[PDB]
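Given as structure tokens, the chain that follows is alone and in the form deposited in one PDB entry.
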């Protein structure tokens, strides 16, 4: 193996340059399946890697696990192996009342509520998605008919306090984050997730194309924790779009 964590070699990718990077390792095969010649490459820690084929070209699907740090690992090592375009596909909670469960969100840039982005660029550097990628995602989403929102995302190092969830063991939120969701709401931020800040920053600052898309599985103006019932029906929606977007980016 050529890299410390992913257990992959440059040869495994077969000249692949684009990677779809889901968070959950169980979604990896699920995504690979949407393409041709799906092959499992490796599985170590939270990192599961498949190769597949898109219009006759090699494509990598690789999980990041939850959060900046492990994302920063998968991205770095995939880059070492030759990946130049990263498309993230996620699940998110919307914080605007007009965004519905099932809606697809394309992120233009992220509020940096993470730590890892700082290890790549100072806070003043914009966690902005690549223009070609965003265009690919926005268009892909149009062509499959999904009801889509394009905007800024709050990308947090936690699932609980940083997203101002109170229904927690301690039931307090550090002062810094108290009332933070209302502020993000006022600034028109669409949603919370946990990886885009690191992903987008580290790519934007190292000449790597990144895009970010997610399916809404809970609206925060209503609940803190999603219901299981239509979580999978929304997943299948955004996956379709990211694969299509990838097609457009090859």
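Basically, rigid core = biggest C-alpha set you can superpose within 1.5 Å across the two forms. Residues that one form lacks are left out of the comparison. Residue numbers count along the first chain shown, from 1.
Test of understanding: from the entry's C-alpha B-factors, which stretch has the higher mean, 225-233 or 6-14? Of 6-14 and 225-233, the stretch with the higher C-alpha B-factor average is 225-233.
Should the higher mean CA B-factor in the entry be assigned to 32-40 or to 202-210? Higher mean C-alpha B-factor in the PDB entry: 32-40.
In terms of CA temperature factor as recorded, identify the highest of 46, 183, 195, 55. Most elevated C-alpha B-factor of the set, per the entry: 55.
Residue 145 CA temperature factor, ranked by third within the chain: Its C-alpha B-factor, which the entry lists for residue 145, ranks in the highest third among residues of this chain.
Divide the modelled residues of the chain into thirds by Cα B-factor and specify which third, lowest, middle or highest, holds residue 77. Lowest third - that is where residue 77 ends up once the chain's C-alpha B-factors are sorted.
Among the chain's modelled residues, which third holds the C-alpha B-factor of residue 130? Answer is lowest: the recorded C-alpha B-factor places it there.
Just say lowest, middle or highest third for the CA B-factor of residue 114 relative to the other modelled residues in its chain. It falls in the bottom third of the chain.
Test of reading the entry: by CA B factor among the chain's modelled residues, which third contains residue 164? Residue 164: CA B-factor falls in the lowest third of its chain.
The protein also exists as the form deposited in another entry; that form is not presented, and the subsequent description refers to it.
Would you mind telling me which residue of 29, 224, 182, 36 shifts its Cα by 2 Å or more between this form and the one not shown when the core is superposed? The only residue crossing the 2 Å threshold is 224.
Between the shown chain and the other structure, the Cα gap of residue 229 to residue 143 differs by 3 Å or more. Is it closer or farther in that other deposited form? Closer together, which means the C-alphas of residue 229 and residue 143 are at least 3 Å nearer in that other deposited form.
Could you point out the stretches of 3 or more consecutive residues whose C-alpha atoms all move by 2 Å or more between this form and the one not shown when the rigid core is superposed? Segment displaced between this form and the one not shown after core fit: 222-231 only.
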